[PDB]
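Chemist: Here it is, the structure in full.
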Amino acid sequence: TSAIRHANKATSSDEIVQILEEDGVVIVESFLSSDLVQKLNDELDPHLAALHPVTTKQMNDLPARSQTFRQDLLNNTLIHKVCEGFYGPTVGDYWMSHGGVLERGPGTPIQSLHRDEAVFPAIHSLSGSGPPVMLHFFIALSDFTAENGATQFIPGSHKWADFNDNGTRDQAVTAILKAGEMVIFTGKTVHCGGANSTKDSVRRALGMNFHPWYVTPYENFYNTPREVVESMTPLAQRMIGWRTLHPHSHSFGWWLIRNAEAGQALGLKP
Amino acid sequence: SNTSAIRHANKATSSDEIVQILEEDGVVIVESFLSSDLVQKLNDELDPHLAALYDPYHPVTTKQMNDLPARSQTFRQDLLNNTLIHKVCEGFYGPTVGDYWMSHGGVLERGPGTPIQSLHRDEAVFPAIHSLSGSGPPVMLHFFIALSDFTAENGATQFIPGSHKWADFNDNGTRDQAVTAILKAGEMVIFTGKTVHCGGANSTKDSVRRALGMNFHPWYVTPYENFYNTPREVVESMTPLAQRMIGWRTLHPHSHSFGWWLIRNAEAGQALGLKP
Amino acid sequence: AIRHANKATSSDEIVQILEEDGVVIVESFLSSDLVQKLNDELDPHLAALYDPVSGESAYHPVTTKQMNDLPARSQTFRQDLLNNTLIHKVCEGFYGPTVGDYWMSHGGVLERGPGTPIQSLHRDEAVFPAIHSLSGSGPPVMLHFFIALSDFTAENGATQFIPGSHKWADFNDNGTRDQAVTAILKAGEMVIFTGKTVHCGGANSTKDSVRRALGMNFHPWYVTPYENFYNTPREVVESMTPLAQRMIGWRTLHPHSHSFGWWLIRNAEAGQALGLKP
Amino acid sequence: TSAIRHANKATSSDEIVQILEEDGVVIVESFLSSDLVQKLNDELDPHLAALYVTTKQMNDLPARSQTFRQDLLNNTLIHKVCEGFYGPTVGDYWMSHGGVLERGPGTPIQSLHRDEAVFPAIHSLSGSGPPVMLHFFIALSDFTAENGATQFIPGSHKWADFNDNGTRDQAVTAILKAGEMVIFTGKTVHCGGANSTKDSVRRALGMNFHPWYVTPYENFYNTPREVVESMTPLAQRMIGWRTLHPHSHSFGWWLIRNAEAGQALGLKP
Ligand SMILES: [Fe+3]
Ligand SMILES: [Fe+3]
Ligand SMILES: [Fe+3]
Ligand SMILES: [Fe+3]
């Protein structure tokens, strides 16, 4: 019960979506290869270097910064299958709200329990009856250990009747992960970062937070250089707001320019 | 007393009373909102663009046009900075929301022979919001300016007051519950995305009904229009408030006070070359 | 209670049910190929309907739709439907001796999408008070062939009828909806009814399904058609058979009464007078 | 140096024709009232905004501007100078092109040129060629050397070889305030200036007239029938809706079935 179910290579995307619906969190083992993890870390380290006790480090605008995030991660088939299964029929389309690298180094103080969808009071007031909004893919660019303070979760807290109750830390299960392993969770599930005993090792994660088409992304990508945008696939461009969305509700389109496809209107390929 | 109608708001009415009428009734009429000169140049700025859209198998009973900020200077400056619209927006979204922006700005033209519209709520396009019915959060705020006279004969828009509070939004009411909104000049009608309404039939063989709608969203709801193709020279001519209305500035929700719609956790318009 | 009962009956039996009850359901009227050909030809015209330039949405889907002037717009309606032998047999039997000739007053595609309100009980010939005042003793005028271009279900609002209401002595009485029985049809199926038969469209309970129909409303020669077809391009009028041209008012009528003819130009055949072949 | 020879507020139209004969360019002061300039800018602004770089060009003025339809096409000074410019043998004339020109910040300096070069058979006659193009250049905004006021070489319409466009140091700038006009021939060397100003846009209205026998650049037959019917017969002839009456072929030219054309297509006698 007080455990986060693991999903292996033999797990189908339907079962990952089902584990997410019942528990609010799931671990996808062996998601990214160690060679892809290092390629990500190699592309990201110089940007982080252009940033007393160690403090928390963060970085976003990944598409401008990382080619592997631009191509491999934004086009990953498992993430997109889980997205279509999580939002389901009535929603139809989705895009990325936040892509961020998170660093919690030695001596990092422990985080309070929280739900990310608290930034949306109108949805957060619905508690577990609220619609699906945030889908969070947390990839481990380094090992997630108990001592460096791996993120803890409270399974089933996405269904609680009162979201003012964030639970207590003894109901939280640590998510022990290896590099390249992923943890998927909802914006309604209680979680918190851990304290880092390890005063020699830095914990590192890449979060991809998705929204349904009708919820405004946190990240704005108009400043991404045109050449990298034209190098991306149309799916990856739709993820970063450069293409029009196609909700099942308004199938004709949303996020249009003069009732026409947005990316075509400002120079991208049809 | 024996009869009820959409309430009018005169020049001596404050914006607080307009917000009050708006969420008791879901609809309000602001008399003499635009001066005759503003209506005249708005129509003048819009005529050549409509003529280029519609100059060329099908009779044209209906015309639509959007992307107004690129197209109209009076819309770019006068309407997008209008003080009453922003007072009512702040009052409608209130404390918990904080910031807002424009989702859709469109001119609508219904000429002779246009059929009556079905009763509807504009917010049905958001089923996750629509399913909460009258308990749902404020989302759409619609400002409908009359660029021509609104008569029942040319199909003045009809409304059902109080239908924004209904417990079941699968119920759109009946035409016997609808009251017509008669407007003459650049008078305005404000309504919610939860209030049932419909356009009328244009019985006249001569007269064209013309309106300008401005549909606003809270910061967290995706605007229908994308304004990335607006030329930089016209965006730079706009005030920062109007730039935020068309999505070129970051929003500042009360919930996430640090900001939303950012570039590298910094203000978006400055990040892409606009003035701080 | 409506007879969905024309699997194998000939047109004479159809005229017999059509008087006795005022409404009849003809099974398998159009082949699935013709229904697909009609829907394909009609889709672009319905899509362009009131605003050809824009998509006519701005988050406002159009639930109710109407379209006419079909002969200019659809070739299969121009050829297959206007020349259909069963329709002309039924018109023959319904108008009978005294009338002689007939033509089409209205050819229309009708669409009721999700959320469409239920219709009031009515008779179409109420548009002619001088005829409507005669009630059941009045002359035959309107004959309506309603083809289902989609399934006619109880939930999407299939049209309801009151059999025998064409014979009532007082047409101020339109009945009540408990006397109405729904007409359930497949794609190729048709319902025929008179302008004196009480009917109403249903409510569309479905959240996505769109109900679509093609109505062909015919008149006797002496009653003015609702549609004017003179703006039809002459290439299309010349591609039509003389029967189909007479149906859309491009040829003169031959009433039983004034055998010499009606709707002439200088007392001569009209279509020849305006450049069509004899 | 040469200078442009300003005029108006007391000069007769014969004097303007004579200055045009001698220099090929002249400046008419206070040609339009400030109120007329404000109508023109008000009527033209929405059409300029919908035309879809600060440079802009627009024509088909009679459909678009009432003040152009009535005030400018009927202006008495323009017609006196036109009859003086074409003179005896020509007789009748009409407008070939009416256009608003907009040149904003960053506008490059133009090459020295002669507009009549679009007519190689006429242009090859150099200074001895017949009068063809007559250009009226009205200032809808201030014309400053800082915003690129047009420069001219007086007397260059006279030159024996039109392959010589002269040099940029023989050029005189034409400074105009607002509603001031500069008239010039299609044979006079000229060029638009560079607009260094980071802030200001230059607006001009050009009216280019032809003798009766030269084809107008603009076709005005798509002009709406009730705006043409609102125009004076003189203004209707300027836009090609009435027959011309050259002194050469006095019976008429540009006819319909050897009858007056505007009457033939439904206009008033
Ligand atoms: Fe969190
Ligand atoms: Fe609406
Ligand atoms: Fe009916
Ligand atoms: Fe030039």
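Chain order of the listed sequences is A, B, C and D.
For my numbering, count along the first sequence from 1 and bump the result up by 35.
For my numbering, count along the second sequence from 1 and bump the result up by 216.
For my numbering, count along the third sequence from 1 and bump the result up by 1126.
For my numbering, count along the fourth sequence from 1 and bump the result up by 11.
Think of the CB as a built atom: it goes at the ideal place given N, C-alpha and C, for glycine as much as any other residue.
(1) Return yes when the C-beta of residue 320 of chain B is under 8 Å from any heavy atom of ligand 4, and no when it is not.
(2) Could you pull the start and end residues of the alpha helix (DSSP H) that residue 259 of chain B belongs to?
(3) So, does the CB of residue 61 of chain D fall closer than 9 Å to a CB anywhere in chain B?
(4) Following a CB-centred definition, is residue 472 of chain B positioned closer than 8 Å to any heavy atom of ligand 1?
(5) Taking C-beta pairs closer than 9 Å, name the residues in chain B that residue 168 of chain D reaches, listed in chain order.
(6) For residue 285 of chain A, decide whether its Cβ has a neighbour in chain C, counting only Cβ atoms nearer than 9 Å.
(7) Buried or exposed, going by whether 16 or more other CB atoms sit within 10 Å of the CB of residue 251 of chain B?
(8) Using the rule of at least 16 other Cβ atoms within 10 Å of the residue's Cβ for burial, across every protein chain shown, is residue 221 of chain A buried or exposed?
(9) Could you check if residue 166 of chain B is buried or exposed, using at least 16 other CB atoms within 10 Å of its CB as the buried criterion?
(10) Do residue 186 of chain D and residue 36 of chain D have their beta-carbon atoms positioned less than 9 Å apart in this structure?
(11) For residue 388 of chain B, which residues in chain C fall below 7 Å Cβ to Cβ?
(12) Nearest-angstrom Cα distance between residue 251 of chain D and residue 54 of chain D?
(13) Run through chain A and tell me which residues come within less than 9 Å of residue 353 of chain B, C-beta to C-beta.
(14) When the Cα atoms are used, what is the spatial distance from residue 246 of chain A to residue 293 of chain A?
(15) Answer yes or no: does any C-beta atom of chain B fall closer than 9 Å to that of residue 1356 of chain C?
(16) Three or more beta-carbon pairs under 8 Å between the stretch 1227-1243 of chain C and the stretch 1319-1338 of chain C, yes or no?
(17) What's the C-alpha gap between residue 491 of chain B and residue 455 of chain B?
(18) So, helix, strand or coil for residue 242 of chain D, using DSSP?
(19) Suppose contacts are defined by Cβ-Cβ distances below 9 Å. Is residue 304 of chain B in contact with residue 403 of chain B by that definition?
(20) Listing by chain order, which chain A residues have their CB less than 9 Å from the CB of residue 1183 of chain C?
(21) Taking only beta-carbon atoms, is residue 283 of chain B less than 9 Å away from chain A?
(22) Using a cut-off of 9 Å between C-beta atoms, extract the partners of residue 437 of chain B located in chain A.
(23) Any chance the stretch 250-262 of chain A sits against the stretch 87-101 of chain A, with 3 or more Cβ pairs inside 8 Å?
(24) Which residue or residues does DSSP assign as beta-bridge partners of residue 279 of chain B?
(25) Would a C-beta distance cut-off of 9 Å place residue 202 of chain D and residue 182 of chain D closer than the cut-off?
(26) Can you check whether the C-beta of residue 126 of chain A is within less than 9 Å of a C-beta belonging to chain B?
(27) Distance cutoff 9 Å, beta carbons only. Does residue 287 of chain B sit that close to anything in chain D?
(28) Could you compute how far the alpha carbon of residue 19 of chain D sits from the alpha carbon of residue 263 of chain B?
(29) Is residue 56 of chain D close to chain B, meaning its C-beta is less than 9 Å from at least one C-beta of that chain?
(30) Looking at residue 140 of chain D and residue 257 of chain D, is the spacing between their C-beta atoms short of 9 Å?
(31) Which whole-angstrom value describes the C-beta separation of residue 284 of chain D and residue 158 of chain D, a residue pair presumed to lie in contact below a C-beta threshold of 8 Å?
(32) For residue 257 of chain B, decide whether its Cβ has a neighbour in chain D, counting only Cβ atoms nearer than 9 Å.
(33) In or out: residue 391 of chain B buried (at least 16 other Cβ within 10 Å) or exposed?
(34) Closest to residue 156 of chain D by CA distance: which of D:84, D:118 and D:265 is it?
(35) So, helix, strand or coil for residue 441 of chain B, using DSSP?
(36) Near residue 426 of chain B, what residues of its chain come up, given a Cβ to Cβ distance below 6 Å and the 5 sequence neighbours on each side ignored?
Modeler: Working from what's here:
(1) Along the second sequence, one-based indexing puts residue 320 of chain B at 104. No, ligand 4 has no heavy atom inside 8 Å of this Cβ.
(2) As a first step, residue 259 of chain B must be located in the second sequence, where it is residue number 43. It spans 252-270 - the alpha helix (DSSP H) in which residue 259 of chain B sits, taken as one unbroken run.
(3) By 1-based counting over the fourth sequence, the position of residue 61 of chain D is 50. True, the Cβ-Cβ gap to chain B drops below 9 Å.
(4) On the second sequence, position 256 is the one that residue 472 of chain B refers to. Incorrect: residue 472 of chain B has no Cβ contact closer than 8 Å to ligand 1.
(5) For the purposes of this step, residue 168 of chain D is taken as the residue at position 157 of the fourth sequence. None at all; the shortest Cβ gap to chain B is about 38 Å.
(6) The sequence position of residue 285 of chain A within the first sequence is 250, counting from 1. It does; some Cβ of chain C falls within 9 Å.
(7) In the second sequence, counting from the first residue as 1, residue 251 of chain B sits at position 35. So residue 251 of chain B counts as exposed.
(8) Residue 221 of chain A sits at position 186 when you count from the first residue of the first sequence. When all chains shown are included, residue 221 of chain A counts as buried.
(9) No information on residue 166 of chain B is available, as it lies outside the stretch 217 to 492 that chain B covers here.
(10) For the purposes of this step, residue 36 of chain D is identified with residue 25 of the fourth sequence, where counting begins at 1. For the purposes of this step, residue 186 of chain D is identified with residue 175 of the fourth sequence, where counting begins at 1. Not a contact, by the Cβ cut-off of 9 Å.
(11) Within the second sequence, the letter at position 172 stands for residue 388 of chain B. Neighbours of residue 388 of chain B on chain C, chain order: 1241.
(12) On the fourth sequence, residue 251 of chain D is found 240 positions in, with the first residue counted as 1. On the fourth sequence, residue 54 of chain D is found 43 positions in, with the first residue counted as 1. Taking the straight line from one Cα to the other gives about 23 Å.
(13) Against the second sequence, residue 353 of chain B aligns to sequence position 137. Per Cβ cutoff of 9 Å: 156, 157, 158 and 160.
(14) Start at 1 with the first residue of the first sequence, and residue 246 of chain A comes out as number 211. Start at 1 with the first residue of the first sequence, and residue 293 of chain A comes out as number 258. Roughly 24 Å separates the two Cα atoms.
(15) As a working note, residue 1356 of chain C is residue 230 in the third sequence. So no, residue 1356 of chain C is outside the interface.
(16) yes
(17) Start at 1 with the first residue of the second sequence, and residue 491 of chain B comes out as number 275. Start at 1 with the first residue of the second sequence, and residue 455 of chain B comes out as number 239. C-alpha separation (whole angstroms): 10 Å.
(18) Counting from 1 along the fourth sequence, the entry for residue 242 of chain D is found at position 231. The answer is coil: DSSP assigns residue 242 of chain D none of H, G, I, E or B.
(19) To locate residue 304 of chain B, count along the second sequence from 1; it is residue 88. To locate residue 403 of chain B, count along the second sequence from 1; it is residue 187. Contact: no.
(20) Start at 1 with the first residue of the third sequence, and residue 1183 of chain C comes out as number 57. Near residue 1183 of chain C (Cβ distances below 9 Å), the residues of chain A are 285, 287, 288 and 294.
(21) Within the second sequence, residue 283 of chain B is the residue found at index 67, counting from 1. Chain A contact via Cβ: present.
(22) Counting from 1 along the second sequence, the entry for residue 437 of chain B is found at position 221. Those within 9 Å of residue 437 of chain B in chain A are 249, 250 and 251.
(23) yes
(24) The sequence position of residue 279 of chain B within the second sequence is 63, counting from 1. DSSP output for residue 279 of chain B lists B:325 as bridge partner(s).
(25) One-based indexing of the fourth sequence puts residue 202 of chain D at position 191. One-based indexing of the fourth sequence puts residue 182 of chain D at position 171. Cβ distance < 9 Å, so residue 202 of chain D and residue 182 of chain D count as in contact.
(26) By 1-based counting over the first sequence, the position of residue 126 of chain A is 91. So yes, residue 126 of chain A belongs to the interface.
(27) On the second sequence, position 71 is the one that residue 287 of chain B refers to. Yes - at least one Cβ of chain D is within 9 Å of the one on residue 287 of chain B.
(28) Start at 1 with the first residue of the fourth sequence, and residue 19 of chain D comes out as number 8. Start at 1 with the first residue of the second sequence, and residue 263 of chain B comes out as number 47. Approximately 38 Å between the Cα atoms of the pair.
(29) Sequence index remark: in the fourth sequence, residue 56 of chain D carries index 45 (1-based). Output row for residue 56 of chain D: interface = yes.
(30) In the fourth sequence, residue 257 of chain D corresponds to position 246, counting from 1. In the fourth sequence, residue 140 of chain D corresponds to position 129, counting from 1. No, Cβ-Cβ distance for residue 257 of chain D and residue 140 of chain D is not below 9 Å.
(31) The structure shown has nothing for residue 284 of chain D, since chain D only spans 12 to 280.
(32) Mapped onto the second sequence, residue 257 of chain B falls at position 41. Output row for residue 257 of chain B: interface = yes.
(33) Looking up residue 391 of chain B in the second sequence gives position 175. Residue 391 of chain B is exposed by the Cβ-count criterion.
(34) Stepping through the fourth sequence from its first residue, residue 156 of chain D is reached at position 145. Out of D:84, D:118 and D:265, D:118 has the C-alpha closest to the C-alpha of residue 156 of chain D.
(35) Residue numbering aside, residue 441 of chain B sits at position 225 when the second sequence is read from its first letter. Residue state, collapsed to three classes: strand.
(36) Along the second sequence, read from residue 1 onward, the residue named residue 426 of chain B stands at position 210. These residues qualify, in order along the chain: 325, 363 and 364.
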